>>> print(open('upload_5.cif').read())   # mmCIF, C-alpha atoms
data_work
#
loop_
_atom_site.label_atom_id
_atom_site.label_comp_id
_atom_site.auth_asym_id
_atom_site.auth_seq_id
_atom_site.Cartn_x
_atom_site.Cartn_y
_atom_site.Cartn_z
CA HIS A 1 -46.22 20.37 46.90
CA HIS A 2 -43.16 22.48 46.07
CA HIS A 3 -42.76 23.99 49.54
CA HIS A 4 -39.73 23.04 51.61
CA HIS A 5 -38.41 24.30 54.94
CA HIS A 6 -34.95 23.25 56.12
CA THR A 7 -32.95 25.10 58.76
CA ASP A 8 -29.78 24.81 56.62
CA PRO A 9 -29.76 27.38 53.77
CA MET A 10 -27.36 25.14 51.82
CA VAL A 11 -29.99 22.39 51.84
CA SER A 12 -32.56 24.99 50.76
CA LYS A 13 -30.36 25.98 47.81
CA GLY A 14 -30.16 22.42 46.52
CA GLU A 15 -33.80 21.62 47.19
CA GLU A 16 -34.82 24.76 45.29
CA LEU A 17 -32.92 23.69 42.17
CA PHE A 18 -34.66 20.29 42.26
CA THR A 19 -38.21 21.35 43.07
CA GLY A 20 -40.76 19.88 40.72
CA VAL A 21 -39.91 18.05 37.52
CA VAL A 22 -36.49 18.79 36.01
CA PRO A 23 -35.68 18.06 32.33
CA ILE A 24 -32.66 15.81 31.79
CA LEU A 25 -30.25 15.42 28.88
CA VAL A 26 -27.70 12.59 28.74
CA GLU A 27 -24.84 12.42 26.23
CA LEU A 28 -22.44 9.48 26.03
CA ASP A 29 -19.47 9.04 23.70
CA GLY A 30 -18.06 5.52 23.98
CA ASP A 31 -15.33 3.32 22.56
CA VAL A 32 -15.05 -0.45 23.02
CA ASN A 33 -12.58 -2.82 21.34
CA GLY A 34 -12.16 -0.49 18.36
CA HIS A 35 -15.87 0.37 17.97
CA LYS A 36 -17.03 3.92 18.68
CA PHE A 37 -20.64 4.45 19.74
CA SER A 38 -22.78 7.28 21.07
CA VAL A 39 -25.97 7.46 23.14
CA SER A 40 -28.39 10.35 23.69
CA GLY A 41 -30.91 10.30 26.51
CA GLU A 42 -33.83 12.54 27.41
CA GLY A 43 -36.44 12.65 30.12
CA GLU A 44 -37.07 14.12 33.54
CA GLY A 45 -36.32 13.72 37.22
CA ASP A 46 -38.49 14.30 40.29
CA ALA A 47 -36.13 14.22 43.28
CA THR A 48 -39.01 14.54 45.76
CA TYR A 49 -39.96 10.97 44.80
CA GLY A 50 -36.45 9.94 43.74
CA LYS A 51 -38.05 9.24 40.36
CA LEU A 52 -36.25 9.13 37.00
CA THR A 53 -37.90 8.62 33.59
CA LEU A 54 -35.40 8.46 30.72
CA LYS A 55 -35.34 7.19 27.13
CA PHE A 56 -31.95 6.51 25.53
CA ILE A 57 -31.18 6.18 21.81
CA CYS A 58 -28.03 4.82 20.21
CA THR A 59 -27.16 7.57 17.76
CA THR A 60 -24.58 5.50 15.85
CA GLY A 61 -26.77 2.54 14.87
CA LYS A 62 -26.74 -0.75 16.78
CA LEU A 63 -25.34 -0.46 20.30
CA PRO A 64 -22.25 -2.74 20.44
CA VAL A 65 -22.80 -3.61 24.14
CA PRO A 66 -25.95 -4.61 26.06
CA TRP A 67 -28.09 -1.72 27.30
CA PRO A 68 -28.08 -2.97 30.93
CA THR A 69 -24.29 -2.58 31.10
CA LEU A 70 -24.72 1.19 30.61
CA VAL A 71 -27.52 1.84 33.14
CA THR A 72 -25.25 3.02 35.96
CA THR A 73 -23.16 5.16 33.59
CA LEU A 74 -26.14 6.88 31.94
CA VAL A 75 -27.75 11.38 37.74
CA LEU A 76 -27.75 10.62 41.47
CA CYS A 77 -28.72 14.22 42.20
CA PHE A 78 -32.27 12.90 41.64
CA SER A 79 -32.12 10.58 44.65
CA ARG A 80 -34.71 11.15 47.37
CA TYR A 81 -32.87 12.12 50.54
CA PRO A 82 -35.18 11.98 53.58
CA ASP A 83 -35.49 15.17 55.60
CA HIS A 84 -33.27 13.87 58.38
CA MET A 85 -30.56 13.05 55.79
CA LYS A 86 -30.55 16.14 53.56
CA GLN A 87 -27.30 17.33 55.16
CA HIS A 88 -25.64 14.31 53.49
CA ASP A 89 -26.77 15.04 49.90
CA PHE A 90 -23.45 15.81 48.21
CA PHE A 91 -24.97 15.52 44.74
CA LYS A 92 -27.41 18.43 45.04
CA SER A 93 -25.03 20.60 47.08
CA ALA A 94 -22.59 20.70 44.14
CA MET A 95 -25.23 22.24 41.87
CA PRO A 96 -25.59 24.20 39.72
CA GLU A 97 -21.86 24.23 38.85
CA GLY A 98 -22.01 20.44 39.16
CA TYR A 99 -19.77 17.49 39.85
CA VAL A 100 -17.46 15.07 38.07
CA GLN A 101 -18.44 11.40 38.35
CA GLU A 102 -15.72 8.87 37.51
CA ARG A 103 -15.96 5.09 37.55
CA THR A 104 -14.06 1.99 36.68
CA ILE A 105 -16.51 -0.88 36.19
CA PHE A 106 -14.73 -4.25 36.27
CA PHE A 107 -16.61 -6.97 34.41
CA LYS A 108 -15.34 -10.16 36.03
CA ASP A 109 -13.49 -12.42 33.58
CA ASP A 110 -13.98 -9.74 30.90
CA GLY A 111 -13.12 -6.10 30.17
CA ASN A 112 -13.51 -2.83 32.07
CA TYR A 113 -15.45 0.37 31.48
CA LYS A 114 -13.57 3.61 32.45
CA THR A 115 -16.03 6.49 32.59
CA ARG A 116 -15.77 10.21 33.26
CA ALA A 117 -18.86 12.41 33.37
CA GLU A 118 -19.75 16.00 34.21
CA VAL A 119 -23.21 16.48 35.72
CA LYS A 120 -24.38 20.10 35.82
CA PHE A 121 -27.20 22.49 34.92
CA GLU A 122 -27.35 24.20 31.54
CA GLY A 123 -30.19 26.56 32.28
CA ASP A 124 -33.13 24.50 33.50
CA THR A 125 -31.78 21.26 32.00
CA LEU A 126 -29.71 18.85 34.10
CA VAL A 127 -27.03 17.51 31.74
CA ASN A 128 -24.95 14.33 32.14
CA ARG A 129 -22.07 14.38 29.60
CA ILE A 130 -20.09 11.11 29.61
CA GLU A 131 -16.94 9.72 28.02
CA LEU A 132 -16.64 5.92 28.15
CA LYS A 133 -13.65 3.74 27.27
CA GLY A 134 -14.09 -0.03 27.18
CA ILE A 135 -10.83 -1.90 27.69
CA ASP A 136 -9.90 -5.53 26.99
CA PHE A 137 -13.34 -7.01 26.32
CA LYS A 138 -13.71 -10.55 25.00
CA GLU A 139 -15.15 -10.68 21.49
CA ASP A 140 -17.30 -13.67 22.51
CA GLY A 141 -17.88 -12.68 26.13
CA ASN A 142 -21.21 -11.76 27.67
CA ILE A 143 -20.82 -8.09 26.73
CA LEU A 144 -19.61 -8.06 23.12
CA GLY A 145 -21.55 -11.27 22.48
CA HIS A 146 -24.85 -9.72 23.68
CA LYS A 147 -25.59 -12.49 26.17
CA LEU A 148 -27.19 -10.40 28.93
CA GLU A 149 -30.92 -10.37 29.57
CA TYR A 150 -32.83 -7.10 29.18
CA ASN A 151 -33.65 -6.54 32.85
CA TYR A 152 -32.19 -5.04 36.01
CA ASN A 153 -32.00 -5.77 39.74
CA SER A 154 -32.41 -3.62 42.85
CA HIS A 155 -29.36 -2.52 44.82
CA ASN A 156 -28.08 -0.88 48.01
CA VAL A 157 -24.86 1.06 47.37
CA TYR A 158 -22.83 2.61 50.16
CA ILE A 159 -21.65 6.22 49.93
CA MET A 160 -18.66 7.47 51.91
CA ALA A 161 -16.94 10.83 52.15
CA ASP A 162 -13.71 11.22 50.18
CA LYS A 163 -12.21 13.94 52.35
CA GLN A 164 -8.99 14.30 50.34
CA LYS A 165 -10.88 15.15 47.14
CA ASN A 166 -13.66 17.19 48.81
CA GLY A 167 -16.07 14.63 47.40
CA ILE A 168 -17.42 11.11 47.83
CA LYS A 169 -16.54 7.55 46.86
CA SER A 170 -18.43 4.27 46.55
CA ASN A 171 -17.85 0.72 45.42
CA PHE A 172 -20.63 -1.78 44.75
CA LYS A 173 -21.32 -4.96 42.80
CA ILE A 174 -23.98 -5.28 40.10
CA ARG A 175 -24.97 -8.69 38.73
CA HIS A 176 -26.35 -8.86 35.18
CA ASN A 177 -28.52 -11.90 34.47
CA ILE A 178 -27.47 -14.24 31.65
CA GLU A 179 -29.87 -16.44 29.71
CA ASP A 180 -28.29 -19.72 30.90
CA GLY A 181 -29.06 -18.76 34.54
CA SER A 182 -25.58 -17.50 35.40
CA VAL A 183 -24.69 -13.86 36.07
CA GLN A 184 -22.05 -11.43 34.86
CA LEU A 185 -20.51 -9.49 37.75
CA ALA A 186 -19.85 -5.76 37.20
CA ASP A 187 -17.79 -4.42 40.12
CA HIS A 188 -18.19 -0.63 40.25
CA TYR A 189 -15.61 1.73 41.76
CA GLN A 190 -16.79 5.34 41.84
CA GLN A 191 -15.63 8.81 42.90
CA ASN A 192 -17.34 12.20 42.66
CA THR A 193 -15.77 15.64 43.04
CA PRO A 194 -17.30 19.12 42.70
CA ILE A 195 -16.62 21.13 39.56
CA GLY A 196 -16.72 24.51 41.30
CA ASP A 197 -14.80 25.85 44.28
CA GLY A 198 -17.96 26.54 46.28
CA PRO A 199 -18.84 24.66 49.45
CA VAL A 200 -20.39 21.21 49.30
CA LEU A 201 -22.01 18.91 51.85
CA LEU A 202 -19.75 15.99 52.76
CA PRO A 203 -21.85 13.03 53.94
CA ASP A 204 -21.64 10.59 56.75
CA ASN A 205 -21.71 6.96 55.64
CA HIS A 206 -25.10 6.00 54.19
CA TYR A 207 -26.50 4.06 51.26
CA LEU A 208 -28.71 4.54 48.23
CA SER A 209 -31.47 1.99 47.59
CA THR A 210 -32.19 1.61 43.87
CA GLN A 211 -34.69 -0.08 41.61
CA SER A 212 -34.98 0.07 37.85
CA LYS A 213 -37.37 -1.19 35.19
CA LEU A 214 -36.17 -1.45 31.58
CA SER A 215 -38.65 -1.48 28.72
CA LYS A 216 -39.04 -0.74 25.02
CA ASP A 217 -41.01 1.92 23.18
CA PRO A 218 -43.19 -0.06 20.73
CA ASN A 219 -43.03 2.80 18.19
CA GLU A 220 -39.23 3.22 18.30
CA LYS A 221 -37.27 1.60 15.48
CA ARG A 222 -33.84 2.83 16.63
CA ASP A 223 -31.86 0.82 19.18
CA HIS A 224 -33.05 2.24 22.50
CA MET A 225 -33.76 1.75 26.21
CA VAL A 226 -36.63 3.11 28.32
CA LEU A 227 -35.68 3.42 31.99
CA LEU A 228 -37.91 3.95 35.03
CA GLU A 229 -35.78 4.24 38.15
CA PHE A 230 -36.24 5.15 41.81
CA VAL A 231 -33.39 5.97 44.21
CA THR A 232 -33.83 6.62 47.94
CA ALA A 233 -31.15 7.38 50.52
CA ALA A 234 -31.18 5.42 53.78
CA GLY A 235 -29.01 4.02 56.55
CA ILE A 236 -28.96 6.77 59.21
CA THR A 237 -31.57 6.05 61.86
CA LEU A 238 -30.31 6.66 65.43
CA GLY A 239 -32.21 9.81 66.37
CA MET A 240 -35.30 8.87 64.43
CA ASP A 241 -35.70 5.40 65.97
CA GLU A 242 -35.49 7.19 69.33
CA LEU A 243 -38.69 9.14 68.55
CA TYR A 244 -40.78 5.95 68.50
CA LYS A 245 -39.24 4.49 71.67
#
>>> encode(input="upload_5.cif", output="C-alpha cells")
Amino acid sequence: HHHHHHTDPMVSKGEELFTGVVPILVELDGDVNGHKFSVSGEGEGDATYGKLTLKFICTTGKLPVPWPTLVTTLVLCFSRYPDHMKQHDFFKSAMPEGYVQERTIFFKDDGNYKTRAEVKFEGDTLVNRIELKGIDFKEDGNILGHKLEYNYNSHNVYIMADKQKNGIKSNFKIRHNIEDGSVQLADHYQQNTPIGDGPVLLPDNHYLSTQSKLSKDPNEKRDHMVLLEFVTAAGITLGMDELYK
C-alpha cells in the first residue's frame, strides 16, 4: 500500500518521502529557571495513517518539568492529509530541506516556553532538533511543582497561511489536567517557515485533529515518556459534500 497517484508532482514529491514507515529522531536542549535539561526521542511515523510512535528519555536525569508540557514541542509532517487536501500540506512540501518551527507557549498565571526547532531529513531519518527556553516559571506552580497529571487531551488546531514569511501560523489552547480537578492552560502561538529556497505549498485555512496517549515502558528506569499520537487534517469539505448530494 505504498502506491500514490496525485496530479500535482509537488504532492507526489512529498508523498514519496513519507511512504511507509519513517524513522524519527528528536533532540531537545532546554533551560528553565536556571536548570538545563535535555531530551532524546526515537521512534517512527506513518503519515498514511497520521500515526506517530515515539519514546522520549531525559538524558540529564530527572526532567524538571512535567512530560505533558513538552508533548507539542517534541513533527506535523506526519499528519494524514486527505487526498482532497494534499495541496495544503505545507509540512511535507518543505522536505527534505525542512522547516523551522517556532512557538511561544504561554502557561496562564505561570511562565512561558520559547521554542525553536528545525525539522528535516538526515538521510532516511526525520530529525526534530529543538532549543527550548523556559521564562519566568513559578517555583511552586503547576509546572516546576510537578502538579500535572500524566495524560493528554484531543485537540483541533487551526492552520493558516503566513504569506509574509512564505510559511504558516497557528494559535491554539491546550489544557493540562491537574490532580485537584482544575486545569493549567497552555496557550500556543506557532509559526513555521521553510529552511530552503525551494517552492512550498501554502495552505488554505484548515485544522489538524489530534489525539495522544501517554504511557510508560515498564522496563525503563530512566525518566521517560511513551507517546502514541494520531493527527489528521480536516476542515475543507465544499466539493466533497457536493458528491453525496
>>> resolve_selection(input="upload_5.cif", expression="the PyMOL selection byres ((chain A and resi 63) around 12)", output="ChimeraX atom specification")
/A:28-32,35-40,56-62,64-70,143-146,222-225
>>> write_last_selection(input="upload_5.cif", atoms="C-alpha atoms", output="mmCIF file, in the frame of the given file")
data_model
loop_
_atom_site.group_PDB
_atom_site.id
_atom_site.type_symbol
_atom_site.label_atom_id
_atom_site.label_comp_id
_atom_site.auth_asym_id
_atom_site.auth_seq_id
_atom_site.Cartn_x
_atom_site.Cartn_y
_atom_site.Cartn_z
ATOM 1 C CA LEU A 28 -22.440 9.480 26.030
ATOM 2 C CA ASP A 29 -19.470 9.040 23.700
ATOM 3 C CA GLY A 30 -18.060 5.520 23.980
ATOM 4 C CA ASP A 31 -15.330 3.320 22.560
ATOM 5 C CA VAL A 32 -15.050 -0.450 23.020
ATOM 6 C CA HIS A 35 -15.870 0.370 17.970
ATOM 7 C CA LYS A 36 -17.030 3.920 18.680
ATOM 8 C CA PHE A 37 -20.640 4.450 19.740
ATOM 9 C CA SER A 38 -22.780 7.280 21.070
ATOM 10 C CA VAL A 39 -25.970 7.460 23.140
ATOM 11 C CA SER A 40 -28.390 10.350 23.690
ATOM 12 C CA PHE A 56 -31.950 6.510 25.530
ATOM 13 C CA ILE A 57 -31.180 6.180 21.810
ATOM 14 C CA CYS A 58 -28.030 4.820 20.210
ATOM 15 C CA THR A 59 -27.160 7.570 17.760
ATOM 16 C CA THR A 60 -24.580 5.500 15.850
ATOM 17 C CA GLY A 61 -26.770 2.540 14.870
ATOM 18 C CA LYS A 62 -26.740 -0.750 16.780
ATOM 19 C CA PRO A 64 -22.250 -2.740 20.440
ATOM 20 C CA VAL A 65 -22.800 -3.610 24.140
ATOM 21 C CA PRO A 66 -25.950 -4.610 26.060
ATOM 22 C CA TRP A 67 -28.090 -1.720 27.300
ATOM 23 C CA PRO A 68 -28.080 -2.970 30.930
ATOM 24 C CA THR A 69 -24.290 -2.580 31.100
ATOM 25 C CA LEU A 70 -24.720 1.190 30.610
ATOM 26 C CA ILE A 143 -20.820 -8.090 26.730
ATOM 27 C CA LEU A 144 -19.610 -8.060 23.120
ATOM 28 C CA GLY A 145 -21.550 -11.270 22.480
ATOM 29 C CA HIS A 146 -24.850 -9.720 23.680
ATOM 30 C CA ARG A 222 -33.840 2.830 16.630
ATOM 31 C CA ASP A 223 -31.860 0.820 19.180
ATOM 32 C CA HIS A 224 -33.050 2.240 22.500
ATOM 33 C CA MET A 225 -33.760 1.750 26.210
#
>>> closest_residue(input="upload_5.cif", among="A:81, A:159, A:93, A:190", to="residue 12 of chain A", atoms="all atoms listed in the file")
A:93
>>> resolve_selection(input="upload_5.cif", expression="the PyMOL selection byres ((chain A and resi 110) around 7)", output="tab-separated table (two decimals) with C-alpha atoms, in the coordinates of the input")
chain	number	residue	atom	x	y	z
A	107	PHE	CA	-16.61	-6.97	34.41
A	108	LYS	CA	-15.34	-10.16	36.03
A	109	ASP	CA	-13.49	-12.42	33.58
A	111	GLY	CA	-13.12	-6.10	30.17
A	137	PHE	CA	-13.34	-7.01	26.32
A	138	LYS	CA	-13.71	-10.55	25.00
A	141	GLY	CA	-17.88	-12.68	26.13
>>> resolve_selection(input="upload_5.cif", expression="the PyMOL selection byres ((chain A and resi 123) around 12)", output="ChimeraX atom specification")
/A:17,22-25,95-97,120-122,124-127
>>> atom_distance(input="upload_5.cif", atom1="atom CA of residue 183 of chain A", atom2="atom CA of residue 78 of chain A")
28.4 Å
>>> atom_distance(input="upload_5.cif", atom1="atom CA of residue 77 of chain A", atom2="atom CA of residue 47 of chain A")
7.5 Å
>>> closest_residue(input="upload_5.cif", among="A:119, A:243, A:105, A:100", to="residue 135 of chain A", atoms="all atoms listed in the file")
A:105
>>> closest_residue(input="upload_5.cif", among="A:27, A:187, A:162, A:220", to="residue 117 of chain A", atoms="all atoms listed in the file")
A:27
>>> residues_around(input="upload_5.cif", residues="residue 232 of chain A", least_positions_apart="5", cutoff="12 Å", atoms="only C-alpha atoms", output="ChimeraX atom specification")
/A:46-52,76-83,85-86,89,154-158,206-211
>>> atom_distance(input="upload_5.cif", atom1="atom CA of residue 228 of chain A", atom2="atom CA of residue 212 of chain A")
5.6 Å
>>> closest_residue(input="upload_5.cif", among="A:84, A:13, A:176, A:188", to="residue 237 of chain A", atoms="all atoms listed in the file")
A:84
>>> closest_residue(input="upload_5.cif", among="A:7, A:153, A:115, A:205", to="residue 177 of chain A", atoms="only C-alpha atoms")
A:153
>>> build_atoms(input="upload_5.cif", residues="segment 46-79 of chain A", atoms="N, CA and C atoms", output="JSON list (two decimals), in the frame of the given file")
[["chain", "number", "residue", "atom", "x", "y", "z"],
["A", 46, "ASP", "N", -37.67, 13.74, 39.22],
["A", 46, "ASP", "CA", -38.49, 14.30, 40.29],
["A", 46, "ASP", "C", -37.85, 13.83, 41.60],
["A", 47, "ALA", "N", -36.92, 14.63, 42.12],
["A", 47, "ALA", "CA", -36.13, 14.22, 43.28],
["A", 47, "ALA", "C", -36.98, 14.03, 44.53],
["A", 48, "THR", "N", -38.13, 14.71, 44.61],
["A", 48, "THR", "CA", -39.01, 14.54, 45.76],
["A", 48, "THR", "C", -39.46, 13.09, 45.91],
["A", 49, "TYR", "N", -39.63, 12.38, 44.80],
["A", 49, "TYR", "CA", -39.96, 10.97, 44.80],
["A", 49, "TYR", "C", -38.77, 10.09, 44.44],
["A", 50, "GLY", "N", -37.60, 10.68, 44.23],
["A", 50, "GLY", "CA", -36.45, 9.94, 43.74],
["A", 50, "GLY", "C", -36.68, 9.28, 42.40],
["A", 51, "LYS", "N", -37.50, 9.89, 41.54],
["A", 51, "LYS", "CA", -38.05, 9.24, 40.36],
["A", 51, "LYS", "C", -37.39, 9.75, 39.09],
["A", 52, "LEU", "N", -36.91, 8.82, 38.26],
["A", 52, "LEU", "CA", -36.25, 9.13, 37.00],
["A", 52, "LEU", "C", -37.00, 8.43, 35.87],
["A", 53, "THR", "N", -37.29, 9.18, 34.80],
["A", 53, "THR", "CA", -37.90, 8.62, 33.59],
["A", 53, "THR", "C", -37.04, 9.07, 32.41],
["A", 54, "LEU", "N", -36.35, 8.13, 31.77],
["A", 54, "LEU", "CA", -35.40, 8.46, 30.72],
["A", 54, "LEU", "C", -35.52, 7.49, 29.55],
["A", 55, "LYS", "N", -35.40, 8.01, 28.34],
["A", 55, "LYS", "CA", -35.34, 7.19, 27.13],
["A", 55, "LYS", "C", -34.03, 7.46, 26.42],
["A", 56, "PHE", "N", -33.27, 6.40, 26.14],
["A", 56, "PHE", "CA", -31.95, 6.51, 25.53],
["A", 56, "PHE", "C", -32.00, 5.94, 24.12],
["A", 57, "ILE", "N", -31.28, 6.60, 23.20],
["A", 57, "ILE", "CA", -31.18, 6.18, 21.81],
["A", 57, "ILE", "C", -29.71, 6.01, 21.47],
["A", 58, "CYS", "N", -29.37, 4.94, 20.75],
["A", 58, "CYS", "CA", -28.03, 4.82, 20.21],
["A", 58, "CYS", "C", -27.99, 5.62, 18.92],
["A", 59, "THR", "N", -27.18, 6.66, 18.90],
["A", 59, "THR", "CA", -27.16, 7.57, 17.76],
["A", 59, "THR", "C", -26.19, 7.15, 16.68],
["A", 60, "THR", "N", -25.52, 6.00, 16.84],
["A", 60, "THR", "CA", -24.58, 5.50, 15.85],
["A", 60, "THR", "C", -25.04, 4.20, 15.20],
["A", 61, "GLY", "N", -26.29, 3.79, 15.42],
["A", 61, "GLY", "CA", -26.77, 2.54, 14.87],
["A", 61, "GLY", "C", -27.05, 1.52, 15.96],
["A", 62, "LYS", "N", -26.59, 0.29, 15.77],
["A", 62, "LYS", "CA", -26.74, -0.75, 16.78],
["A", 62, "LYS", "C", -25.75, -0.51, 17.91],
["A", 63, "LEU", "N", -26.23, -0.56, 19.15],
["A", 63, "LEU", "CA", -25.34, -0.46, 20.30],
["A", 63, "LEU", "C", -24.47, -1.71, 20.38],
["A", 64, "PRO", "N", -23.14, -1.56, 20.45],
["A", 64, "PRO", "CA", -22.25, -2.74, 20.44],
["A", 64, "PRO", "C", -22.11, -3.45, 21.77],
["A", 65, "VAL", "N", -22.79, -2.98, 22.82],
["A", 65, "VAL", "CA", -22.80, -3.61, 24.14],
["A", 65, "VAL", "C", -24.26, -3.70, 24.58],
["A", 66, "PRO", "N", -24.57, -4.54, 25.57],
["A", 66, "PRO", "CA", -25.95, -4.61, 26.06],
["A", 66, "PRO", "C", -26.34, -3.36, 26.83],
["A", 67, "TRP", "N", -27.56, -2.88, 26.58],
["A", 67, "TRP", "CA", -28.09, -1.72, 27.30],
["A", 67, "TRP", "C", -27.95, -1.81, 28.81],
["A", 68, "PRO", "N", -28.22, -2.94, 29.47],
["A", 68, "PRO", "CA", -28.08, -2.97, 30.93],
["A", 68, "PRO", "C", -26.68, -2.64, 31.43],
["A", 69, "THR", "N", -25.64, -2.90, 30.63],
["A", 69, "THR", "CA", -24.29, -2.58, 31.10],
["A", 69, "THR", "C", -24.05, -1.08, 31.21],
["A", 70, "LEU", "N", -24.91, -0.25, 30.61],
["A", 70, "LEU", "CA", -24.72, 1.19, 30.61],
["A", 70, "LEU", "C", -25.64, 1.91, 31.59],
["A", 71, "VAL", "N", -26.52, 1.19, 32.29],
["A", 71, "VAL", "CA", -27.52, 1.84, 33.14],
["A", 71, "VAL", "C", -26.86, 2.74, 34.18],
["A", 72, "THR", "N", -25.87, 2.21, 34.91],
["A", 72, "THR", "CA", -25.25, 3.02, 35.96],
["A", 72, "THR", "C", -24.48, 4.20, 35.39],
["A", 73, "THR", "N", -23.92, 4.06, 34.19],
["A", 73, "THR", "CA", -23.16, 5.16, 33.59],
["A", 73, "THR", "C", -24.09, 6.28, 33.14],
["A", 74, "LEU", "N", -25.18, 5.92, 32.47],
["A", 74, "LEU", "CA", -26.14, 6.88, 31.94],
["A", 74, "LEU", "C", -26.97, 7.54, 33.04],
["A", 75, "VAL", "N", -27.32, 10.05, 37.33],
["A", 75, "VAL", "CA", -27.75, 11.38, 37.74],
["A", 75, "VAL", "C", -28.29, 11.27, 39.17],
["A", 76, "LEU", "N", -27.39, 10.90, 40.09],
["A", 76, "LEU", "CA", -27.75, 10.62, 41.47],
["A", 76, "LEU", "C", -28.20, 11.85, 42.24],
["A", 77, "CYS", "N", -28.09, 13.03, 41.64],
["A", 77, "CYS", "CA", -28.72, 14.22, 42.20],
["A", 77, "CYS", "C", -30.24, 14.10, 42.24],
["A", 78, "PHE", "N", -30.83, 13.10, 41.57],
["A", 78, "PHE", "CA", -32.27, 12.90, 41.64],
["A", 78, "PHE", "C", -32.69, 11.89, 42.69],
["A", 79, "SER", "N", -31.76, 11.44, 43.53],
["A", 79, "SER", "CA", -32.12, 10.58, 44.65],
["A", 79, "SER", "C", -33.00, 11.33, 45.64]]
